[PDB]
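Below, in structure tokens: the form deposited in one PDB entry, a single chain.
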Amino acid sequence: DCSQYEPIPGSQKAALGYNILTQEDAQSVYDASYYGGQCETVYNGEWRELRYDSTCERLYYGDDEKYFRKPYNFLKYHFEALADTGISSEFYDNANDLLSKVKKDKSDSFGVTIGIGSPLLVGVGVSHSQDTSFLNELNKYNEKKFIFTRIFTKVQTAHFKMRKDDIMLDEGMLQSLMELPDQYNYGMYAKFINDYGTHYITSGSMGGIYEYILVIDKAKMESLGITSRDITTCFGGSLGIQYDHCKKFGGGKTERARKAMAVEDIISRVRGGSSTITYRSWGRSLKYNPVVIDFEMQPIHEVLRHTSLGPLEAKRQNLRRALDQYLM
């Protein structure tokens, strides 16, 4: 049959709605598992075992090229060539200046065009969580006593497009939709928006973000005769990133180890893939487990214009009306 192939990586994630107010995912909008009688597959010749014959100086390819099954709601999916995009290092004197560059990057995070008339919202570097953990972790360390470093990178594994018409919605969403009243009711419609999102993905990119923040006891660091860059470079090296106390730091697996380099906390913000994880181990794990790192999206009510249930139009105008109020 056709079921022997793994699905296109990330297909379950691209199927989810998005809430722009909460900046988190909602339940599935698209049916991610629907194939509809058709066996479409995608060749991946970006992740094969290279061979090297040292005797003849021959660096050649393994015939271990894979096929992935593309579900009906994905019009296209293209695996990218994996590449290191450059690893950034930043240093901050205080939590706020880090928080600031972070939230500023949440304004770098979103663009917009308007169809010829639906908004098309454009998330770039999108994390799919409220960062409530991260914000509360960091707020433990908003004191003059602490300084911060941050390494960040981003990799895309694929670009995809969703289908534009005869969309098959998730059984969950369909049932919810059936249950919405024809008579406008903000409560019922807001609930639906809370369950399925303010927006759904029409295209995007799979991949990940590899990112760590270090919190550092400045006073302790000085005493050790080291610097914030020393610490970061040592931490970097522990992650496999190519460039006494450091040796003692190791991977910073213990608090003992971390305190050898004045490191109070290692805060992870890694997304996609998978203590800490090594750069190369993270890169591997992005083959099979990406997130939708960048995407285009449209208002939830737009999808009702393009489903296989056909004309669905007073629920659509109620949903739009409701979304107008919800977004304010």
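So that the term is clear: the rigid core is the largest set of C-alpha atoms that superpose within 1.5 Å between two forms. Numbering starts at 1 and runs along the sequence shown.
The same protein has a further form, the form deposited in another entry, not shown here; the description that follows concerns it.
Core-based superposition between the shown form and the other one leaves all of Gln27, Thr41, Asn289, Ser268 but one with CA shifts under 2 Å; the exception is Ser268.
Core-aligned CA deviation for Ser129 between the shown form and the other one: 2 Å or greater.
After superposing the rigid core, the Cα of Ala95 is displaced by 2 Å or more between the shown form and the other one. In the core-superposed comparison between the shown form and the other one, the C-alpha atom of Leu138 has shifted by at least 2 angstroms.
Compared with the form shown, the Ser109-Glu24 C-alpha separation increases in the other form, the change being 3 Å or greater.
Relative to this form, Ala190 and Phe110 separate from one another in the other form, with their C-alpha atoms ending up at least 3 Å farther apart.
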